[PDB]
Amino acid sequence: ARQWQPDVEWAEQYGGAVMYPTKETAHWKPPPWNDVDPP
Amino acid sequence: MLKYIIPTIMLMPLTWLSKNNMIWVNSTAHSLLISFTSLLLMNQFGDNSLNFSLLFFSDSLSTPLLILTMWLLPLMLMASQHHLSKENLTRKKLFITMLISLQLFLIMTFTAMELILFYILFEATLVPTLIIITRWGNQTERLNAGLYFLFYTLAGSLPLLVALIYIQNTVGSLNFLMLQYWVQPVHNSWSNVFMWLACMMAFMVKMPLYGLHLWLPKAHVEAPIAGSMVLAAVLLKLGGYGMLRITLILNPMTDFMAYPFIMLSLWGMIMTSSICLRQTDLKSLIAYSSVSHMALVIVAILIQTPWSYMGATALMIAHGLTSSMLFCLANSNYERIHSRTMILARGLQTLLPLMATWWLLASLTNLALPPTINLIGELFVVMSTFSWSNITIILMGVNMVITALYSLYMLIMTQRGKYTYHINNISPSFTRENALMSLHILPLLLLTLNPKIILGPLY
Amino acid sequence: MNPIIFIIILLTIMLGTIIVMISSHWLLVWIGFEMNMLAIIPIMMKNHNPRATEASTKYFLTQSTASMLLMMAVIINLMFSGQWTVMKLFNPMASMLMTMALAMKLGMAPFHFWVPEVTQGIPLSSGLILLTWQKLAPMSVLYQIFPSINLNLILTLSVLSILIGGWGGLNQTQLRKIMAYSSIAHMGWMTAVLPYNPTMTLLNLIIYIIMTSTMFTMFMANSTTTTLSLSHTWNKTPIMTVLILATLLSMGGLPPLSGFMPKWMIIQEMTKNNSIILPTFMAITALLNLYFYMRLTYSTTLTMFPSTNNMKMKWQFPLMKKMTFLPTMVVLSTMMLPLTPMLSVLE
Amino acid sequence: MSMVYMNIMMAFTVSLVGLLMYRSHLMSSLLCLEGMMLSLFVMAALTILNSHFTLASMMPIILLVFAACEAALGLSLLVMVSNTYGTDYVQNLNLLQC
Amino acid sequence: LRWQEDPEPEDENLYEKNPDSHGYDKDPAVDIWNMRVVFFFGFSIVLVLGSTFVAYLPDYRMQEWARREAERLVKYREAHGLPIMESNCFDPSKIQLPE
Amino acid sequence: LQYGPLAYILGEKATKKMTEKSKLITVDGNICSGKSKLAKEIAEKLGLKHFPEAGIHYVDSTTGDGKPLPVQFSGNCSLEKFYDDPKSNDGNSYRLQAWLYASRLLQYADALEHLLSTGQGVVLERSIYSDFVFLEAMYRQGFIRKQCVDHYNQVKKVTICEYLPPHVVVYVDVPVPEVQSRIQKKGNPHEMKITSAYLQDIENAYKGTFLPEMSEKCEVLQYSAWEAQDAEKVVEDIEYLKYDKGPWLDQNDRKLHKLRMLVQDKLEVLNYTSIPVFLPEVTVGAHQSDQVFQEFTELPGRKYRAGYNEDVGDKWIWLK
Ligand SMILES: CCCCCCCCCCCCCCCCCC(=O)OC[C@H](COP(=O)([O-])OCC(O)COP(=O)([O-])OC[C@@H](COC(=O)CCCCCCCCCCCCCCCCC)OC(=O)CCCCCCCCCCCCCCCCC)OC(=O)CCCCCCCCCCCCCCCCC
Ligand SMILES: CCCCCCCCCCCC(=O)OC[C@H](COP(=O)(O)OCC[N+](C)(C)C)OC(=O)CCCCCCCCCCC
Ligand SMILES: Nc1nc2c(ncn2[C@H]2C[C@H](O)[C@@H](COP(=O)(O)OP(=O)(O)OP(=O)(O)O)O2)c(=O)[nH]1
Ligand SMILES: [Mg+2]
Ligand SMILES: [Zn+2]
């Protein structure tokens, strides 16, 4: 066998706005990649 | 103890400055040389322990555990060569660095004269151990196993730090020699009940005590082979060694505080043996087998009799050699069929006749066949507990029956029977594997001839 | 921004903090704070985007309000004692406002809601100043007025900071917010031992600055601000992941690393004063910090996360970031436990 | 203390409570912030003049100079907030929740 | 597939390319020298000399001396009328009991 | 003296070295439109530095010894296999476009660094401002999925915002049928499969969106295939441009100092071209990436920092 390393499903658990989704925290899009918002 | 600390440090430059194809050879040879010099610690006197300096000392309890610790590093290096083959050069030399830094902390832990220096090195072993499990384990469950192994230990260690500092402020010193002459009896008060719990629960989580053991079937299963060997051969004995030292300053409160922890161990000794009869994983079967034996050590330490301590010390050394041997055996099968299910590869005695001889000897020591030191240590604990309460023979007799049942059920399941037809890649046993088993079993049997060097300070 | 103006503004941030530390007059202490807040806003607005504008606004309102409360404490202290000297305050009501004004500036709970948001809306270099340098001035005043601080107030703010820093950090994926909550948690330790031994307040502050500065420096080298973006480091700079593992373990207090020294000495100075419940509760709650530190160690160094195709274009260029004092800071963050008795130089 | 101090001391409390309860406008709160310094200015000047603390007669002027410099920095941020969202409402400044 | 990834390789049997392999290493030169250091330092030195070293330890824990000492005291205390072993470990002349 | 804040204070401003002939010119057009010849002639006439169009191996031309590297160190993406199998299931369609944008982004920084550090203008072919034409062509023919288009825009919108647009855009126009005829004449075994629709989509992207949006901030010169052959006429027009628009009129020494500090550090330019958006076309597993990284480190003169490789005859390592 081969040592297991994370796949896309595992990594997407850390790509959200918050670790523990709830009702209030839904719709929280992650911040922009460069801290700039549309004018 | 500098004559052993400095050589161990020099293994790290040796590994990194060696030829790219001689890391396993130089490391193995020089660690074996360090082990040979460890026999000089047996200059033990009948009245006074061996006191080297203001930081380090050795007595009859430290010597057997130190010699065992330095004899385990070469064995770990041999067992790790196979599965660390396609690993790149740099990460292989980091793996060996973790093993050496783990031996460096262990030898200083078993010889620290002051009880806070013991705490620092006792806790320092977590870092290298955690890194081995979480970085070189195979399954996806190694990450959660690492978290369980980390936070179980610290939940008990942190209260221990407070208790030790409190003792120094009151007593004035933590030197173990000083405590032997300045120790005062512990009064019965609510504050002193929690001082007792803090000093002990740190060591109960590592034995482990039944109930606080859920990390052991996760760490010992998801770790690499070298992780399981050191985890189940030395690291469990840190707690047992810790208890034997710190019970000096808890009398007479141990008379009644030991009751809840003697019942968990005595009854937990039967739950863990029974769980082995139905485990579907060969490596997890050996892990639970460790909880049962270490339950005897907890009972022996808590009743504080000369026979119990002699039995406790003998049991700890005997288990370390026998448990590490079983993990190696289960690993050799895994390296061929690359699976841990016990009912997958059967009738292996037909294909690997010699490796089944090692299986037989390992099981005989596991079920305490006389005159092995496994039996000597267990017997003395049974004798001591009979004086404590004659009814305990009932529980310690039932565990003997179950112990022989799962020891030989594992032997029969994998060695006897009929071989699996579709498993066709059972190559013969390499000299590396056969030598690995001979370095576990030969010292285990030789100690039967002169068993007084593993009976501890009360011999 | 012109480079010369950048130096001038930075030296004014330093001058404000230095004026607080060399002043025997409450007016110059207040002037020191005002000069410090005036100079730090331009370095927060330097990137000219809405988030930076919002962060600078939330910081101004918080620090402006805190400074007004502080000046109210000074005047009340003048009415009841007729002097301006920087020492114990002579009125219990002056002490409360003074203690609360400094708590707001530091960011202690429950005056903490701005630290995660201000640190998130400003660049990494500005956050490094905010979380390390800006904590020197308030701690200097606390070092001097601690004989009159209300014990139940300072210990109550300390306990809340340790809890809120712990729970707040578990639910974060952004690196800047994780350090912000980490900063709140470590503040509680510094102010918990203050009534008992102020020397250990400085030691924990010095060690915290060294460790925190190391983390921000390594994040700035790879321009990483999210947990995922930090997980590509193993495929770009393998060495930098081993240094992140060691520092993260240090910050968690695991022996034998440097970050165990302050937690070790603070527990000592509290058990001497027959404080057993608080150090135990503080030490156990700190395991929350060790958890979300360990989570970063699993996604950065102890596992190999997925990479992207364009990463191969990065392998052909070196690191041109300054990484000033990074080799020296990382060693001080990990290998100083054998030199623990050196804390006497702080007395 | 005295009868006048009560109203000066109660005027600071009103402005503090006014500053800690925003309605909609950012400009409204800055006024509550400059009301606070006015009360501190009068309260200190009353203490200094009454006690004949001669060298402290310059302190209230220093309080006024720095407090106005801080106020100028506050108005500048308000202008830059209004040039972005078209108004000085505090509810717009809510991007940093996530 | 959700990503590009290398297929799992196959385990290599060290016997196929080296039937004399001892199992330590792929390179036959290293594979043989690995076996000699394990077998020489392991068995020849540690187990054999260590077993002999432990066998001839100089009176471990003073056990032989105690027996020899005991025979001496028995001779003295027995051919003088004194009891073989007194019930008091310390002389009462030094103990001052309460009240 | 490596460029930095200290050098800028000491005098290394940009306006002190820039003249009215320090321009950035981009030549754009469809496939087989002869922009290579036109662009290479505008360079010599005006004395500008010519940058050959950024291909799959542009980055390798700048680092190391300059020679191309094996194809496994560039994503395994091949332009030849895109024409043969544009619908492949291994994602080579979009993976090629994403890598091409990074090379163009890398080159547009080299263009600005040369202009800002020496005062000499440069001429480019299909800068990053026009690389979206091919993306639209692929998407409308079903070569790439809609998610890939979203990924492209996310990376583009956080990178293209940091750079100034070209002073002059020279657009060579060729009707679609004639272009497809020139492709047949050239004789490339693979390129000859370009369908009519693919070339038409590029034309719509150029006409519909690029030029109208690119004229509000640049001096746009449009030419046909026939007119493009008269270089001195094109060069005459470029020398009579008013230059009354664009964001270049708002730049000063302070603003150009920040830009040079950016385009000289190449890891800061390529920062957001590797955002953690897990898309199957551009995602790589852990076991594959680790293996390729090791091989890249074993190439000559790439195990260490440029200047410390002993195997390429570097010296004084023990004092550098
Ligand atoms: C253990 C408890 C503490 C926890 C520490 C946690 C960190 C443990 C690290 C291992 C676990 C990490 C996870 C593994 C997976 C990630 C690895 C990976 O994938 O990337 C591989 C990574 C990436 O390399 P690469 O680019 O892929 O290829 C390498 C090239 O081929 C370039 O290759 P090259 O041919 O050019 O040469 C490579 C060079 C390596 O280049 C270096 O970076 C050297 C840096 C050395 C500075 C740190 C030394 C501190 C420890 C002293 C060691 C000497 C002992 C004394 C012996 C001499 C007596 C005077 O090696 C040497 O030339 C000689 C170095 C000899 C020392 C071995 C370096 C590893 C030491 C760290 C392991 C833990 C040691 C604990 C000892 C404490 C107990 C006494 O390999 C590394 O270079 C990392 C190794 C260096 C790590 C330095 C960490 C410093 C911070 C640790 C502080 C320790 C505090 C202990 C408490 C002290 C209390 C007083
Ligand atoms: C004693 C306590 C510890 C102090 C720590 C050491 C000091 C901090 C680190 C060095 C800072 C540093 O050098 O800043 C970064 C840059 C350095 O130029 P560079 O291009 O980045 O590098 C150049 C060298 N190279 C590329 C060869 C490596 O400097 C400057 O911009 C210097 C600006 C000086 C102008 C001063 C203006 C007037 C100010 C006064 C107004 C009243
Ligand atoms: N997928 C893709 N292919 C491109 C891109 N730019 C060029 N190509 C392809 C089209 C051509 O087959 C080849 C070169 O195109 P050219 O623009 O250079 O036209 P050509 O070489 O035929 O003649 P020319 O340079 O104009 O004189 O590479 C691009 O941005 N994306
Ligand atoms: Mg071309
Ligand atoms: Zn295998």
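Atoms within each ligand, like the ligands themselves, are counted from 1 in listed order. Every chain is numbered from 1, with letters handed out A, B, ... down the list of sequences.
Counting heavy atoms closer than 4.0 Å to ligand 2, residue C:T324 contributes nothing at all.
Of the candidates B:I5, C:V242, C:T303, it is C:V242 that places a heavy atom closest to atom 7 (C) of ligand 1. Closest to atom 76 (C) of ligand 1 by heavy atom, among C:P338, C:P256, B:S101, is B:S101. Nearest residue to atom 77 (C) of ligand 1 from B:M12, C:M240, C:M335, C:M304 is B:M12 (criterion: closest heavy atom). Checking C:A246, B:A124, C:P327 against atom 92 (C) of ligand 1, the nearest heavy atom belongs to C:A246.
Of the protein's non-hydrogen atoms, the one nearest atom 71 (C) of ligand 1 is B:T97 CG2, 4.6 Å.
Taking every non-hydrogen atom of F:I9 and a distance limit under 4.0 Å, the qualifying atoms of ligand 2 come out as 33 (C), 35 (C). Residue C:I7 approaches ligand 2 through these ligand atoms, each under 4.0 Å from one of its heavy atoms: 39 (C). Counting the atoms of ligand 2 from 1 in the order shown, those under 4.0 Å from a heavy atom of F:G4 are 20 (O). Per-residue contacts place B:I9 under 4.0 angstrom from the following atoms of ligand 1 (heavy atoms of the residue considered): 56 (C), 57 (C).
Taking a distance limit of 4.0 Å, we find that atom 22 (O) of ligand 2 is approached by no protein heavy atom. Atom 13 (O) of ligand 2 is never approached by the protein to below 4.0 angstrom, counting heavy atoms only. In this structure, atom 6 (C) of ligand 2 has no protein heavy-atom contact shorter than 4.0 Å. Within a 4.0 Å radius of atom 52 (C) of ligand 1, the protein has no heavy atom. Put simply, atom 18 (O) of ligand 2 has protein non-hydrogen atoms near it, under 4.0 Å away. For atom 83 (O) of ligand 1, a protein heavy-atom neighbour is present inside the 4.0 Å cut-off. Within a 4.0 Å radius of atom 33 (C) of ligand 2, the protein contributes one or more non-hydrogen atoms. There is no protein heavy atom less than 4.0 angstrom from atom 25 (N) of ligand 2. Per-atom contact check: atom 73 (C) of ligand 1 touches the protein, criterion being a heavy-atom distance below 4.0 Å.
A cation-pi contact links F:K320 to F:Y308, judged by a cut-off of 6.0 Å to the six-membered ring centre and 45° from its axis.
Heavy atoms of F:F293 come nearer than 4.0 angstrom to ligand 1 in no pair at all. The closest approach between C:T241 and ligand 1 stays at or above 4.0 Å for every heavy atom of the residue. For C:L337, the closest heavy-atom approach to ligand 1 does not fall below 4.0 Å. By the 4.0 Å heavy-atom criterion, B:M98 is counted among the residues contacting ligand 1.
Checking side-chain atoms of B:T69 against main-chain N and O of B:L106 turns up no donor-acceptor pair under 3.5 Å. Remark: the backbone N or O of F:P52 is not paired with any side-chain donor or acceptor of F:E125 at under 3.5 angstrom. A donor-acceptor pair is defined here as one N or O able to donate and one able to accept, closer than 3.5 Å; no such pair exists between the side chain of F:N30 and the backbone of F:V174. F:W99 contributes a side-chain N or O that, together with a main-chain N or O of F:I56, makes up a donor-acceptor pair within less than 3.5 Å.
A salt bridge between F:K35 and F:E53 is absent, with no side-chain N of the basic residue lying under 4.0 Å from a carboxylate O of the acidic one. Electrostatic pairing of F:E41 and F:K37 does not count as a salt bridge here, judged by no charged N lying under 4.0 Å from a carboxylate O.
Contact annotation: the side chain of C:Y298 approaches that of B:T134 to within less than 4.5 Å [non-hydrogen atoms, C-beta and beyond].
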Derivation and outcome, ring-ring contact (aromatic ring centres under 6.0 Å, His included), residues B:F95 and B:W136: CA-CA 8 Å; B:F95 175 90; B:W136 286 283; 5.3 Å; yes

Check against salt bridge (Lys or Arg N to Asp or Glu O under 4.0 Å), F:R104 and F:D131: CA-CA 8 Å; F:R104 283 191 175 92; F:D131 189 17; 3.1 Å; yes

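Residue C:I244 is tested with C:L248, C:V242, C:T247 for a side chain to side chain contact (heavy atoms under 4.5 Å, CB included); the sole match is C:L248. Tested against C:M329, the residues C:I209, C:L243, C:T214, C:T324 include a single side chain to side chain contact (heavy atoms under 4.5 Å, CB included) partner, C:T214.
The side chain to side chain donor-acceptor pair (under 3.5 Å) check on F:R260 picks up nothing, with sequence neighbours excluded.
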